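Enquirer: piece number one of the complex, untouched:
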Amino acid sequence: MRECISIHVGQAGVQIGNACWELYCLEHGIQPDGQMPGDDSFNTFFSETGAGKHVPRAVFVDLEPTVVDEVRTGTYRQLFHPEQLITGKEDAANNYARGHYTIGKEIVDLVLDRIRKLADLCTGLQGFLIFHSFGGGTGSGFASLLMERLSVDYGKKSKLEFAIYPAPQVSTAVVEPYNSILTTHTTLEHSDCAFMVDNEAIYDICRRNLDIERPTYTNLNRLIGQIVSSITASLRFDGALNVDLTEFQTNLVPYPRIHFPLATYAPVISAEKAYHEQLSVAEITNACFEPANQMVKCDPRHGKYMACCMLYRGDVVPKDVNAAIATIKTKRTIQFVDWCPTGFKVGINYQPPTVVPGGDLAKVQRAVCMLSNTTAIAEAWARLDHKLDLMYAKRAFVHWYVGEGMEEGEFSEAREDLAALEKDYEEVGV
Amino acid sequence: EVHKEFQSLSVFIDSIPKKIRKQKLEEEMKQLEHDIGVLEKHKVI
Amino acid sequence: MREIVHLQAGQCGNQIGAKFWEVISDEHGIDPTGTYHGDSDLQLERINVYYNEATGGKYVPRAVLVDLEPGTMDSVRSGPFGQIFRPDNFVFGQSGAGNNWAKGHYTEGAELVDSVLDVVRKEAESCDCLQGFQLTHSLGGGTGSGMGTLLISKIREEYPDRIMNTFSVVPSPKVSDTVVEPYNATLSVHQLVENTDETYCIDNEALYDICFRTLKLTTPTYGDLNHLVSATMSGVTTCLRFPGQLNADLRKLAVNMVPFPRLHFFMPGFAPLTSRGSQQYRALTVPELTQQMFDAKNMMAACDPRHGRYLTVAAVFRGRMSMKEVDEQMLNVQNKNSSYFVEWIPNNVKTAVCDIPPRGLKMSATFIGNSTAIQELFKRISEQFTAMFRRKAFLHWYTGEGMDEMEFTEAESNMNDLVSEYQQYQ
Amino acid sequence: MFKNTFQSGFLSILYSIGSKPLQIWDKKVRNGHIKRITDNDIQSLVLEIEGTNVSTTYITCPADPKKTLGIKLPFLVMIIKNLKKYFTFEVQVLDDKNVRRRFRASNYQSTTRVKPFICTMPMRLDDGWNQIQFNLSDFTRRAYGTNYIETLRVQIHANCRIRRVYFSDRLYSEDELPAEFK
Amino acid sequence: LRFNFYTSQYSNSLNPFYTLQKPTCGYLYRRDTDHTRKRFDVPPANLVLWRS
Amino acid sequence: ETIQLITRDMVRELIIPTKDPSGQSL
């Protein structure tokens, strides 16, 4: 009765879900057909029928039928229900207004039915998990409609977002400084928390800490599956200090305007660096604080930590946990804010992290995931604001938005909203 | 015989083989202590 | 005769009650299936103080298990001694508070409190002559620190004359377990004072220090700390269950230990602490016992006592023991360091002697102590409150359930005054 | 039984608060039940006894049929909730003439026959809770020429809600009575 | 006249002080132990049906 | 065996420990 419903938007979201539900099927042993060869660990991700068939509690939504057809004709085509995955006809194609006003308008009524028909099967469902991208049209425009409609019509429950932030140096599209500004302005009052990831940082993680060239997006989706498994491990498996889905927002966001921490998975070690490196706790929780080992390209040296949420797995002896957090407090190089003197939250699971075949991570026995909100994340918004200032000065792609029902004043509204969010971010860390 | 070894351990235990050695010695001594104290409680078996 | 009602709220209280009822079932010889299987007759004469009688000779633990989420009583049912607990004594919701005082004290913990009050009043009148209540919970959480304190405020109005002592969990000095404990802990301790007459303050770092320095255990879990807590919880209520030459119930330890109603904050210890490698080199004598409680490293509250000064000190003992020597040892520990006790009370030490030791032991003692150095727990929690309230850090999570702003100012003024009133006796 | 007891201003036998209320009482039940309930009128436990036949199920005050309890106290007070149902209770008293005589109070009676073994009398009751008062000396003085020396047994039948059956030396008003006897 | 069979199950001590806990730490880990969440036996507090 | 202590209000039965060891047998 500790269910959760994951919402995946776009071909970033559905490609994350394709490899994340593989880890979900492997940690519980769910067959790709959808059978289990009394256990109550899969109830937070699977439901039961009279015939023993497990139907996942998720929705994969997109506005083109291309990438979802790979799932529908791939391996797990008998695990998902046909109407549980929602397709459109033509995608928004890197446009916020097209996917937010005209072609995102008809699809929301074909997704709200799925959420309402799925939430009725859950008794004690904890909240919502969102995976979408700023850099596209469906995951930025259609997801913003979903956030607005839920936050007006679903209640005071939780909505955590694992949004794919644009990388600072490299980018795929070119007009995404518009859609990222517009989505951030839309959801900064209709949300509670949102973890950030970018793909260049995970690229240099997979090149540096792991031992392969040339990773694909499938080599990046596995680490997202690992962090989402370490987040929701406590509802599935036993532990000494269980962490429910309600106290990530209660512990990480102090203020309504700031709700953006970072993310870091600690034992990113291949099976070569596994047989040589020591097997204790303290040296892997000393790696979450290295800026090179981060899932967002930023340095916390110029910033300050507001709060942290460390979740452990495996043979974590709580004395080593205590000594490691104490030695973390001893370092001058990690400085904090005046008004959060405690700063840490510890949750411990009794389950070691499982191993996915076809993966590249070693068979490790301890795992740390650390989520900290840091004032240094304001420089990412600052450089994106500088990008929008360079773009809107020459009125670059404005005609692509007004032609389907977006006003001219929404640019000024979003720009002033993020200027206020910046102003709040520098007035927090003093 | 097991407790003879336990008093010959290091006086400052830091490494991982020393830790696991202390754990197996403690497990052996405790299995034997439970077996001895269970039998010593009475006379008829 | 003098039955004890046991309360647990939150997952910390649930784990503590899982281990506390692992020791009382051991000493009263209770099977995991609920049947007496011991080898003596002293364990059955006063069994009613913890176990009601069920049809078939079954002994069920008289206790209330309270929570707001199903994530931790699956562990207490899957535990080794989880079959003796009665199904109806479990009261729990589905979505918890989540490190929140406002929810679990006004909105979530206030709608379900009528069920817990009903269960308590239905059970408590099944005692022949109720002695009092006992609650184990954590101030740093939201389930216990809101809901159990609501029960504290409600049962005290229900029965306005019964004993209410609590085994609370105060925070660690350096390591945190929750970012917001300078809110929940202070808001629970503001309400704790006006209802309770005895508060045992336990913290996890002091127990880690005990399990490392004084014990040579290298890999201790939280259960190894719950056992050390349960040792003191069994030591306090010793004389109720077993006879002796000098008895003391909880009213005895209440009258003797607080001069004023606002000075009901205490900090415990436990006497025999020898490692496995130090078994054969040490003799279980009364001086080697009585040395340990007046040492800082054997204490369950992370507060050094030579900063402070003992006001009232209690000690219960076990086993058929000599008496001239124990009084000589307390007089010696009272007359050597005369600067560690106040001079306006000549006899600060309470002595109670039982005759049944804990199993596997022969001589043991349980120390309950009020002092001045317990202020260091509250001064820093007030400075943390001032460091957090001056920026209005997490205030939006609390005003969203129907709270107020002047209530926090009133709580901080009352706690600063409680701070100031203890300091005059230094 | 109760021969070496003081028999004070009040002597209590049954009480719904405690561990074992029906320790000295016999549990005879045929097509009925015995159970204890938290009441919604006084917010406390009350013994509950009801069955489809009013004479089959009851409770008798000494458990052993040959053993009798001895109460020299003259007055009998019992707190019962009136469920507007068939409720009877009966006492057994001794005289200076050493004859055990019985008094029966029946809810479904309107008449009064007096006879040398049992004197049946009618009974009326109010809406809910009540303090029914019984002077055993008066009942053995008007119906019978003798007087009262020792109460022997008291019986409570079904369709009733018992709390605090007790004996008293004299009529206690609401002021002098302690709060635990209301 | 009293049987009390063997348990092979250590039941908490203080002088040797071994605490009865499922293994979750060094040496005794046994990675294929079952640390999963199980089924309960008591429903939650559905107060909507309890009074109706 | 048990001895009955009948007082006012409260009725209590109390058990008497016996001196037999009587042994056990695993």
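Expert: Okay, I see it. Residues are numbered from 1 along each chain as shown, chains lettered A, B, ... in the order given.
Enquirer: please count neighbours and contacts with C-alpha atoms only from this point.
Expert: OK.
Enquirer: roughly how far does the residue in chain D that chain B sits nearest to sit from chain E?
Expert: Residue of chain D nearest chain B, by C-alpha to the nearest C-alpha: residue D:19 (35.3 Å). Between residue D:19 and chain E the computed distance is 26 Å (C-alpha to the nearest C-alpha, to the nearest Å).
Enquirer: pretty sure that residue is touching residue C:128, no?
Expert: Yes: in this structure, residue D:19 is within contact of residue C:128 by C-alpha atoms under 8 Å, at 5.4 Å.
Enquirer: related to what we said a few turns ago, name the SS class of the residue of chain D closest to chain B, please.
Expert: coil (DSSP: H, G, I helix; E, B strand; the rest coil).
Enquirer: contacts only, for it.
Expert: Listed by C-alpha atoms under 8 Å, 6 or more residues apart in numbering or on different chains, the contact set of residue D:19 reads C:52, C:126, C:127, C:128.
Enquirer: so can I have a markdown table of the residues you listed showing neighbour count, secondary structure and distance to chain E?
Expert: Formatted as a markdown table, the contacts of residue D:19 follow (neighbours: other C-alpha atoms under 10 Å in any protein chain shown; DSSP: H, G, I helix; E, B strand; the rest coil; distance: C-alpha to the nearest C-alpha, whole Å):
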| residue | neighbour count | secondary structure | distance to chain E |
| --- | --- | --- | --- |
| C:52 | 19 | strand | 21 |
| C:126 | 20 | coil | 23 |
| C:127 | 21 | coil | 25 |
| C:128 | 20 | coil | 29 |
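Enquirer: overlap between those residues and the residues near chain D?
Expert: Among those, proximity to chain D is found for C:52, C:126, C:127, C:128 (C-alpha under 8 Å from any C-alpha of the partner chain).
Enquirer: touching, the last one and residue D:21? I think so.
Expert: No: using C-alpha under 8 Å, residue C:128 makes no contact with residue D:21, being 9.6 Å away.
Enquirer: what parts of chain B come near chain A?
Expert: Counting by C-alpha under 8 Å from any C-alpha, chain B has no residue next to chain A.
Enquirer: cool, chain D as well?
Expert: Residues of chain D lying near chain A (C-alpha under 8 Å from any C-alpha): none found.
Enquirer: closest approach to chain E from chain D, which residue is it?
Expert: With C-alpha to the nearest C-alpha, the shortest gap between chain D and chain E falls at residue D:40, namely 13.2 Å.
Enquirer: here's chain G, add it to the model above:
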Amino acid sequence: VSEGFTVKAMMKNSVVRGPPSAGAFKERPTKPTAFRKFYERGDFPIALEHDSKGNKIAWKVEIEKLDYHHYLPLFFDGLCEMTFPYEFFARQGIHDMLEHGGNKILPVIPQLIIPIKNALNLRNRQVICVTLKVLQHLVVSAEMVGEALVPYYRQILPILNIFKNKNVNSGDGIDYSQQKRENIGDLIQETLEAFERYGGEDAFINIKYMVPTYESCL
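Expert: To build on what is shown above, here is chain G added in:
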């Protein structure tokens, strides 16, 4: 053994068998109802919000201006399901439309006897206690309802005669499940008290003819 009234039974030492059984006190097999069919197609204007203090049903239309001749007789038929969501939705729909059913429950009373009995004719104890609770709610939440049910006493009371002598002989054990009102016979007693209380002077002669061991209250 002996079948029965035969000359094999004429033996001085014979063992005869009893009658096989009767379906009383045994659970009758369920049937698919209209509630799931009307719910999975998306007809009801409800959506569960999972509130922390206990679940509550959410109405996206104004409840006081709904058709009680179409929803209520079919919400009542939803009680006969016991899977998980449908029993909750039907029970709370009946409760939240009886609460706001000012002068709209009177004409629909002849349209809801059949679902009430059909839910009551299944010998499941949880559904019987739930139906008894909603039947207690039905007579109170308006005026003129109690004496409108008087000519329908001869077709809802036969199943109210079965479990009335079901209770607990716990001796001196206080019922820890008095919160959860699952003792069926006690519920039948209060429900018959409610039927006597509202229904006029013709009530008692109608519970008496159906239930023969009732006793006149009031």
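Enquirer: which phi and psi does the residue in chain B sticking out farthest from the centre have?
Expert: Most distant from the centre of chain B: residue B:44, at 26.8 Å, with distances by C-alpha atoms, centre = their mean. Here is the backbone geometry of residue B:44 (degrees, to the nearest 10): phi -110, psi 130.
Enquirer: who's it bridged to?
Expert: Counting by DSSP bridges, residue B:44 is bridged to residue F:25.
Enquirer: next up, the contacts around it.
Expert: Residue B:44 touches F:23, F:24, F:25, F:26, counting by C-alpha under 8 Å, 6+ apart.
Enquirer: mind listing what the second one touches?
Expert: What it means is residue F:24. Here residue F:24 is in contact with B:42, B:43, B:44, E:1, E:2, E:3, E:4 (criterion: C-alpha under 8 Å, 6+ apart).
Enquirer: isn't there a helix covering the fifth one?
Expert: Looking back up the chat, that one is residue E:2. No: going by three-state DSSP, the assignment for residue E:2 is coil, not a helix.
Enquirer: burial check on the residue of the stretch 101-250 of chain A found nearest chain C, number of neighbours?
Expert: The minimum distance from the stretch 101-250 of chain A to chain C, using C-alpha to the nearest C-alpha, falls at residue A:247 (4.9 Å). Neighbour count for residue A:247, taken as other C-alpha atoms under 10 Å in any protein chain shown: 19.
Enquirer: helix/strand/coil for the closest residue to it other than its chain neighbours?
Expert: The spatial neighbour of residue A:247 that comes closest, neighbours along the chain excluded (C-alpha to C-alpha, 6 or more residues apart in numbering or on different chains), is residue C:98 at 4.9 Å. What three-state DSSP gives for residue C:98 is coil.
Enquirer: same question for residue A:162.
Expert: strand.
Enquirer: helices along the stretch 1-150 of chain A, start to end?
Expert: A:10-28, A:66-72, A:96-97, A:103-107, A:109-119, A:143-153 (DSSP state H, counting those that start in this stretch).
Enquirer: contacting residues for the closest residue to chain A within chain B?
Expert: Closest contact between chain B and chain A, by C-alpha to the nearest C-alpha, is at residue B:16 (8.5 Å). By C-alpha under 8 Å, 6+ apart, no residues touch residue B:16.
Enquirer: ok, now with 10 Å
Expert: Neighbouring residues of residue B:16 by C-alpha atoms under 10 Å, 6 or more residues apart in numbering or on different chains: A:278, A:279, A:280, B:22, E:26, E:27.
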